[PDB]
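# What the coordinates show
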Amino acid sequence: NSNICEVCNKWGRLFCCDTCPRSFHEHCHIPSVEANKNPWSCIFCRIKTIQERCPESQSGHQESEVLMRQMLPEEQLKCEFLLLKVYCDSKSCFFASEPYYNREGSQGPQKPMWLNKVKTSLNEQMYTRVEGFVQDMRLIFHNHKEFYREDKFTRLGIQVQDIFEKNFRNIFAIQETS
Ligand SMILES: [Zn+2]
Ligand SMILES: [Zn+2]
Ligand SMILES: [Zn+2]
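- For this entry, the PDB record names X-ray crystallography as the structure determination method and reports a resolution of 1.9400 Å.

Now the structure itself:
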């Protein structure tokens, strides 16, 4: 196995995947690494198994159809993985915890959102459809863009949204277009 966490790339107290070489800190993995389970397969392995069990699940889909899906186990899992993929980029540190807003010439968003709040919402099964999770994810970056205006710090929002959107199209097998 790897000697660093796959998500945050740091050493420490790591839990090792039994079906691939990846390793994780307890609360870096989503869901948090399970108490027992021998052997244990990580989220990457579990997502791979879904695809292998239903090869056709990789044929192209319409975003509109994906967003209306109910958060049954497999969609719950895919959303956990997509969130994990955002946390894997170091730039996610800017969006992880609860933000605050006091900048001259700007007003805070009406509905603040951050990655840890989405993490909790997923953990407590608060979303009934994929749409709920994707809306909150996109809100994080949209709140950022609006608040930071012409400061070049706005680009952090663009960069992390691009990671989200690429991984969304990949995980949910969205039909490729120009
Ligand atoms: Zn970690
Ligand atoms: Zn694995
Ligand atoms: Zn099948």
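### Quick notes on the coordination of the zinc ion (ligand 1)
- The protein atoms that coordinate the zinc ion (ligand 1) are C5 (SG), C8 (SG), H25 (ND1) and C28 (SG), at distances spanning 2.2 to 2.4 Å.
- With four donor atoms in place around the zinc ion (ligand 1) and angles of 96 to 120 degrees between them, the coordination shape is tetrahedral.
- Along the chain, the residues donating to the zinc ion (ligand 1) are arranged with the sequence spacing C-x2-C-x16-H-x2-C. We note that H25, like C28, is buried.

### As for the packing of helix α5 (residues 115-123) against helix α6 (residues 130-148)
- Close contact between α5 and α6 brings their axes to 10 Å; oriented N to C, the two are set at 170 degrees. Comparing the axis directions of α5 and α6 gives the class roughly antiparallel. Counted together, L115, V118 and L122 of α5 and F133, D136, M137 and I140 of α6 form the full contact between these two elements.
- Of the residues assigned to the contact of α5 with α6, the class counts are six nonpolar, no polar and one charged.

### Section: the pattern of salt bridges
- Summed over all chains, the structure comprises seven salt bridges.
- We note a salt bridge from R138 to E63, for which the minimum N-O separation is 2.8 Å. Of the two residues, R138 is situated in helix α6 and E63 in helix α2 (residues 63-68); the sequence distance between them amounts to 75 residues.
- Given a relative accessible area of 29%, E63 falls into the partly exposed group.
- Taken together, the shared-partner salt bridges in this structure form one network comprising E63, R138 and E165.

### Re the environment of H29
- Position of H29 relative to the elements: it lies in the loop between β2 (23-24) and α1 (43-53).
- Sequence separation between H29 and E80 is 51 residues; the distance between their C-alpha atoms is 9.2 Å.
- Separated by 3.1 Å, the side chain of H29 and the backbone nitrogen of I43 make a polar contact.

### Some thoughts on the domain arrangement of the protein
- Looking at the protein, the domain boundaries give domain 1 (1-59) and domain 2 (60-178).
- Here the C-alpha centroids of domain 1 and domain 2 sit 21 Å apart.
- Each partner contributes to the interface: domain 1 provides 16 residues, whereas domain 2 provides 14 residues.
- Regarding the contact of domain 1 and domain 2, the summed buried area is about 1,400 Å², with carbon and sulfur atoms giving 74% of it.
- Across the domain 1-domain 2 interface, the total number found is zero salt bridges.
- No other element matches α1, which puts five residues into the side of domain 1 that touches domain 2.

### A few points about helix α3 (residues 73-87)
- Between the first and last C-alpha of α3 there are 21 Å, a value that for 15 residues agrees with the 21 Å anticipated at 1.5 Å per step.
- Counting buried positions over the 15 residues of α3 gives 12, a clear majority of the element.
- All of the buried residues in α3 are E75, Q76, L77, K78, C79, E80, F81, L82, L83, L84, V86 and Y87.
- Summarising the contacts, the buried residues of α3 are in contact with β2, α1, α4 (93-96), α5, α6 and α7 (154-171).

About the thresholds
Residues numbered from 1 in each chain as written, not as in the entry; some residues may be left out. Chains lettered and ligands numbered in written order. Heavy atoms only, no water. Residues with missing side-chain atoms left out of burial classes, pairs and counts. Donors = N, O, S within 2.8 Å, 3.2 Å for Na, K, Ca; no water. Tetrahedral: all angles 85-135°; square planar, octahedral: opposite > 155°, others 65-115°. Buried < 20%, exposed > 50% of the residue type's maximum accessible area, 1.4 Å probe, protein only. Axes fitted to C-alpha atoms, helices over the stretch in contact; angles between N-to-C directions. Helix = DSSP H or I, 4+ residues; strand = E, 2+ residues; numbered from the N terminus. Parallel < 35°, antiparallel > 145°, perpendicular 65-115°, else oblique. Contact = heavy atoms within 4.5 Å. Nonpolar A, V, L, I, M, F, W, Y, C, P; charged D, E, K, R; others polar. Salt bridge = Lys/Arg side-chain N within 4 Å of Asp/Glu carboxyl O. Polar contact = N/O pair within 3.5 Å; in protein donor to acceptor, adjacent residues only side chain to side chain. Domains from an automatic or database assignment. Buried area = accessible area lost by both parts, 1.4 Å probe. Expected span 1.5 Å × (residues − 1).

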